[PDB]
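Accompanying notes for the structure given below.
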Amino acid sequence: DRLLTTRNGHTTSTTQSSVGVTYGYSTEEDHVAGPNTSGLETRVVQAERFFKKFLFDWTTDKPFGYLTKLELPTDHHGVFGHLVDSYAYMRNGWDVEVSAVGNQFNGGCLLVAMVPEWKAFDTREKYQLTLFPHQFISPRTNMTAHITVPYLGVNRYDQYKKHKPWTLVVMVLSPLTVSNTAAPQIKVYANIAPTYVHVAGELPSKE
Amino acid sequence: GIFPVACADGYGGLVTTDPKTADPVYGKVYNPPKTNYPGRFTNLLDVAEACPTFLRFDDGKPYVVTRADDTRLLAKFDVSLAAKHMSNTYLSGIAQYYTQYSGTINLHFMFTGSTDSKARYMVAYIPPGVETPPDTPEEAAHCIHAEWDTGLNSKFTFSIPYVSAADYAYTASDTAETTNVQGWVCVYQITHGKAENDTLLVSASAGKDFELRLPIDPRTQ
Amino acid sequence: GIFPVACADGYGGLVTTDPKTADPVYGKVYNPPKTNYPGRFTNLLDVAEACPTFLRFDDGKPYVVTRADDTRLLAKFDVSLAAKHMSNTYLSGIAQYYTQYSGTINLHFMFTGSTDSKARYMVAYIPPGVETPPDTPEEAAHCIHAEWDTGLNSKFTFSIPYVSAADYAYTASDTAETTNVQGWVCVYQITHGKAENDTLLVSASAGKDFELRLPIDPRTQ
Amino acid sequence: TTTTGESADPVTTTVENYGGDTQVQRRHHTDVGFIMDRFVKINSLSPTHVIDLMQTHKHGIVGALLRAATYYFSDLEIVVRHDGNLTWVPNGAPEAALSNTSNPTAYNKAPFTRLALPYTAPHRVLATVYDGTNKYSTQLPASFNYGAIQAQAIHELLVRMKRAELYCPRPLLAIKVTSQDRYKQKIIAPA
Amino acid sequence: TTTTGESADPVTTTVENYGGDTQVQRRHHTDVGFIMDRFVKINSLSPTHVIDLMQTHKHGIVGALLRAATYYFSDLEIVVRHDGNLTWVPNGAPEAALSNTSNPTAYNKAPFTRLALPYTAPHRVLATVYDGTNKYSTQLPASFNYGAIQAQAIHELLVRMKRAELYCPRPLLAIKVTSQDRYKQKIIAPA
Amino acid sequence: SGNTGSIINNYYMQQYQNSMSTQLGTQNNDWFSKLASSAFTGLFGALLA
Amino acid sequence: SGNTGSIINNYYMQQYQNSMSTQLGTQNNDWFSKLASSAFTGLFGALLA
C-alpha cells in the first residue's frame, strides 16, 4: 500500500499506486517579498486548488520519443485565470499529478517531467530528459506520477501572458504493449494545482 | 641581481574611468579656507528629494486646468523618466545619466484655486498589462489610487510605487517600445464646484528608496 | 634613486587559461539579490551521479528487447565514454571535455514488461585481453557478473569496475585502436516467460569514485 | 541493488556489492566555477558589438557547458584587439552613448585590451533559453547582455566568465557516432 | 498627505500610506565626489591652452553636472597628447612663462602625458556663473582657471575633477521631447 | 573618496598628491542632506485604516 | 575561487574588481550536491555472502 492522498484547498486526490512525490530543484520557495513589488503583493489562497487537463492517448503506435507538452500556466477558467486578467504580475509554483490508467497487463513506460524554459528538443536530447525533475509511469508498477516544483525565473514575479516558466512534458520511453487482457489504450490526464499564488499590480476594469 | 618582473600584455592602457591617480609635479599648495561654505550637496538624490520640480502639460504649462465639460481625465502620462511630461524635471535631468533605476517617485499636486473654488481629485497608477489607460475614474478605481479634496491644505502628495518583474528598470525608452513598459499615471477630476479655469500644479521628486545605478554619458556631443 | 627591475623575456603574454585577473574600470555595482535561487549545481559530477541518462541501442532506442529466438546476447558495447551506445548520455556529454578519467560507471536496467512478463538477466564486464566478447552466458559467467530477475522492483543497478594497467584512461579513442582498450559489457537474457516484445531500459550514471581530469576543448568550431 | 525505478529516486551502487573497494576521487576539474573560468572566442564581430555570452560557440567547452544550464550568473573579463579607442557601456544604455569618451574608454595600447567588467543586467540572473510567448511590447530578451563595446574596428573578442554560477542543468551532447562501436580519432602521440 | 504647499517645506510620502513597504536603496552612483571623478574631453584646443572646466561640453555627464551647481572646488588630473614637451603654469602666471623649462615641464613620452595638478586659484571656491555687473578695471573672471599648458602642438586634452565639491544646485535639463509621450531611442540589444 | 580603488597606500606624500585644504574656525555641512532628512513623512490628519 | 592562483592580495579594492552580491534574508544551496549525496547506496533485500 503506497497510498497517498494530496490536498490543495478544498480539493483532494488519492492514489493507491503512488511511487512518492518528486520535488524539483528545491524543497521550499524563494522569498516572495522582494524589492520589485514594493510592499504591494498579496497571496490568493482561493487559487490554490486542482484543475484538470487532458494530455493525450497513449496508444501502441506512438514510439519512443513521442512527446506531449503543456506549458504552464495554461488556459484557466477559475479564480486562477481571473487573477491573470486582474493583476499585472504573479508568481506561484506547481503541484502536478499525472494518470495513465490502463491495467497491470499492459506494458510500456512514460516519462513525466517538469521543464523550466521550454525549447523543442532534438531527438538526441530526449535521452537526457531525466536531468529535469521527473518520474515514470509503468503499468506493472504505478498509475500515477506526482511532481512538485517551485516558482523560478530571471524575474521574481512574472507576466504569464508573455512568458511561461514551467512546462509539463510526458514522453513515451517504451511503447505501450497490449494483450488480450490489457487495456487497448491509455488516456493520459493531468491534475494540477498552483501553489503559493501571489499577485501584484491591480489592473483597471475593462468595464 | 635585481627583481624579475613580467610586463603583462593587455594592461596599462589609459581608461577614462580608471581607479588610479596621476603622479604629482607641483607640491605644497595650501588652499584658501572654504570652511562652512553654504549650500553644499554630496548626493544628487538628496537634492532630487528635497527640491521637487514641475511636470509639463499641454501647451507647456506646469499645471492642469479643471475641465468645464463632461471629460474627467485631467491628464495621463507614461511612468518613465523619459516621459514628455517629465522632460523638464530635475529628476529626469539626472536620470538621463544612468541606465537603470528602481524606487518610489513622488508626485505633488497643489491647488491654485480661489477660496470659493472647490474640487475633488483622484490619482491612480495603472500598471502595465492593459492596452490603454482608462478615461474613467470608475474603471481606474480598481487600481492603486487615492482621492483627496480641496481645503485648507493646498498640497497633496502621492507615491508612484515601483512594481515590475525585474528589480531594476531602464531610465531610457527603446524605439520598439509600443506601450510604456512601466505603466501610466492618470489624474482625474471627480467633481468641482465653481472651479472652472482654476489650476492644479503638479511636480515630482525622488522618494525614500529611489535609486539610480550605472552612470552613462549618452548625449550627443 | 628608484627600484631597479628586470623585465623578463618570455613572460607577460596573454594565455587563455591564465590564473590572473584584469584591471577593473567600472566600480561599485551591487547586484540584485539571488539568494537561494533553486537548482544550483557546483560540480558536473554531482549531476552526472544524480541524473542518469539513456544508452542508445539498435535503431536508436533507449532499450533492449527480449529475443524470442534462441540468441541470448541482448546487447554488447565498448566500455568507452566514446562508445556509440553511450553517445547520447550526459556522462559522455561531459567526458568529451576531459582527456582522462578513472572510476566506477554505473548502469541501470529497468524492466518495462507487463505484470505477467517474467525474465532473468545477466550483465558481465569482459576485461580486455580476449579477442571477442562471448555470446554465451556460460562463457561470460567466468567474468565479474551479476544476474537478477523480474519482480516487484523494476530497477537493477550494476557498477562497471575500473580495472586497467594505468591509473587513468583516455576518454577518447584513437583510430589505431582495434579492440576497445577497456573491454566490453555484455547483457544477456538467461530466460523469460511470455516476455516477448517487452523492454529493458538501460541508463548510465557516474559512480562514487568517478573522476575526470585535464580539461580539453576538442570539438570542431 | 534492485529499486523502484519509477520513483526516480537516485541510486548509486558501488563495486563493494561484488567485492571491490571504492576509491578516492578528486573532482577539481569538474568544478563549475573553475571550468567556466577561461577565455573563449566570440566569432561574429562588428565595430559596435553587444556582449552576449550566447554568441559563444555551441560546441566549445564554455559554450556547450553554458548551454547545459538554464540560468546563470557571472562577472566578466574581456580581451579586445581593436583599432582606435575602445568604449564600453553598461547594460541598458542607448547605443548612441558608445560615441562618448566619459563612458569607460580604453585608449589604444598594443597588442590588445584586457578588462574586468561587472554583471550589469537588471535581472537577478540570466537565462540561456527563455520561453517567452512574446516578451515584447529562439529570441532572447534584449536585457540579457553584458553591455556593449565600440571601436574603429574590432578584430578579436575573448570573453571570460568570472564567479560563474549555473542552475537547472539541461542536455549536453557528444559527437554523434556513425561508426559501429566507438568514435575513433587521431590522438596525439610522439612521432 | 496634505500639507501647506506654499511654505515650500519638503514632503516625502512613502508607499506605506497605502499599504506598501519602502525598500532599501544604495546611492553610491549618485555621490557627487564619485560621479564627477572621471575624465572628460576638452574640445577646443590650441598650442597654448588655459585650463577652464567651463570649456567642457554642456551635455556631457561631467559638464552638465558641473553646470548644475553654482560653486565648486576640486583638484585636477589631466591627460595631454602633445608634440614636443609640455609646460604647465599655475593660475596667475604671465603667458610668457610657458616658454620656460623650470616651470613644470614634462618631456615627451609616448603615447601621452598624465598629470596630477592642484587647485591653484586665489578664491576660496570657483563659480560656473558669475553675475558681475563688470568684474573689470557670459564672461567669467579671468582668475577662474587651473593654470595653462603649452606644447609644440596639443592634440588631445582630458580633464578629471579630483575631490570635487559642489554647492548651490541649479537647473539640469534632459533632451526636450517632441514625441507625444516619451523620448524613444535605440537601446543596445544583442543581434 | 569617489572612484579610486587602490588597496595600496600612495607612493607620493599627500602634500604633493593633492592641495592641502586649510581651515579658519570636512564637517556635516551638507545642507541638502539635512534638508532632505527633514522632509515630512507622516500623514497630516486623522487615519481610518 | 576557480582558476585563479595568485598568492598576493589584489591591488584594487573588491568593490571595483567585482560586482557586490546582495542578499534579502553563498550558502549550502547546492540542490544537486544534496541530491547526489542522498542516493541509495546499499542493497535492497537479504544478503548471502
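Residue numbers (the entry's author numbering), protein chains in the order written: chain 2, 12 to 218; chain 3, 1 to 221; chain 3', 1 to 221; chain 1, 1 to 137, 155 to 208; chain 1', 1 to 137, 155 to 208; chain 4, 15 to 39, 62 to 85; chain 4', 15 to 39, 62 to 85. A prime marks a further copy of an entry chain.
Idealized CB from N, CA, C, for every residue including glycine.
Enclosing beta strand (DSSP E) for residue i [first to last residue]
i	result
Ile158 (chain 2)	155-160
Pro4 (chain 3)	3-5
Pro33 (chain 3)	Looking at the DSSP string, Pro33 (chain 3) is not in any beta strand (DSSP E), and its letter there is neither H nor E.
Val56 (chain 2)	Premise fails: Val56 (chain 2) is in no beta strand (DSSP E) and is neither H nor E.
Residue interval of the alpha helix (DSSP H) (run including residue i)
i	result
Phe34 (chain 1')	32-35
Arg67 (chain 1')	61-67
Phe68 (chain 4)	67-73
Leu189 (chain 1')	It is not in any alpha helix (DSSP H) - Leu189 (chain 1') carries neither H nor E in the DSSP assignment.
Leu45 (chain 3)	44-50
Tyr30 (chain 4)	28-31
Bridge partner(s) assigned by DSSP for residue i
i	result
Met178 (chain 1')	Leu76 (chain 1')
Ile105 (chain 3)	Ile160 (chain 3), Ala206 (chain 3)
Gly84 (chain 1')	In the DSSP output, where bridge partners are listed per residue, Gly84 (chain 1') has none listed.
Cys186 (chain 3)	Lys76 (chain 3), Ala124 (chain 3)
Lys175 (chain 2)	For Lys175 (chain 2), which the question treats as bridged, DSSP gives no partner whatsoever.
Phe76 (chain 4')	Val11 (chain 1)
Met86 (chain 3')	Looking at the DSSP assignment, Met86 (chain 3') forms no beta bridge with any residue, so it has no partner.
Cutoff 7 Å: residue i Cβ touching any chain 4' Cβ
i	result
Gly60 (chain 1)	no
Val15 (chain 3')	no
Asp46 (chain 3')	yes
DSSP-derived helix/strand/coil call for residue i
i	result
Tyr170 (chain 3)	strand
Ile216 (chain 3)	coil
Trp129 (chain 2)	coil
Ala95 (chain 3)	helix
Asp96 (chain 2)	helix
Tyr138 (chain 2)	helix
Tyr18 (chain 1)	helix
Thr48 (chain 2)	helix
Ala97 (chain 1)	helix
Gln167 (chain 1)	strand
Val129 (chain 1)	coil
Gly193 (chain 3)	strand
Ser117 (chain 3')	coil
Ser7 (chain 1')	helix
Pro186 (chain 2)	strand
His29 (chain 1')	helix
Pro137 (chain 3)	helix
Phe91 (chain 2)	helix
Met54 (chain 1')	helix
is_contact[residue i, chain 1'] using C-beta, thresh 7 Å
i	result
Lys28 (chain 3')	yes
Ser110 (chain 2)	no
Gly19 (chain 4)	no
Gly50 (chain 2)	yes
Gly16 (chain 4)	yes
Chain 4 contact for residue i (CB, 7 Å cutoff)
i	result
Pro134 (chain 3)	no
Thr42 (chain 3)	yes
Residue-chain proximity (residue i, chain 3), Cβ-Cβ < 7 Å
i	result
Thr62 (chain 4)	no
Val79 (chain 3')	no
Beta carbon proximity, residue i to chain B, threshold 7 Å
i	result
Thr104 (chain 3')	The structure shown has no chain B; the protein chains it does contain are 2, 3, 3', 1, 1', 4 and 4'.
Residue i at chain 2 interface by Cβ criterion, 7 Å
i	result
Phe57 (chain 3')	no
Min CB distance residue i to chain 3' below 7 Å
i	result
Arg26 (chain 1')	yes
field: Proximal residues, the stretch 71-84 of chain 4' versus chain 3', C-beta separation under 7 Å
entry: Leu71, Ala72, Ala75, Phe80
message: Please list, in chain order, the residues of the stretch 38-63 of chain 2 that have any C-beta partner in chain 1' closer than 8 Å.
response: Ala44, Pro46, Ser49, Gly50, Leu51
task: Please name the residues in the stretch 176-202 of chain 3 whose beta-carbon is closer than 7 Å to at least one beta-carbon of chain 4, in chain order.
output: none
query: Along the stretch 161-172 of chain 3, what residues have a CB closer than 9 Å to any CB found in chain 2?
result: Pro161, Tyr162, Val163, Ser164, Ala165, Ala166, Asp167, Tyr168
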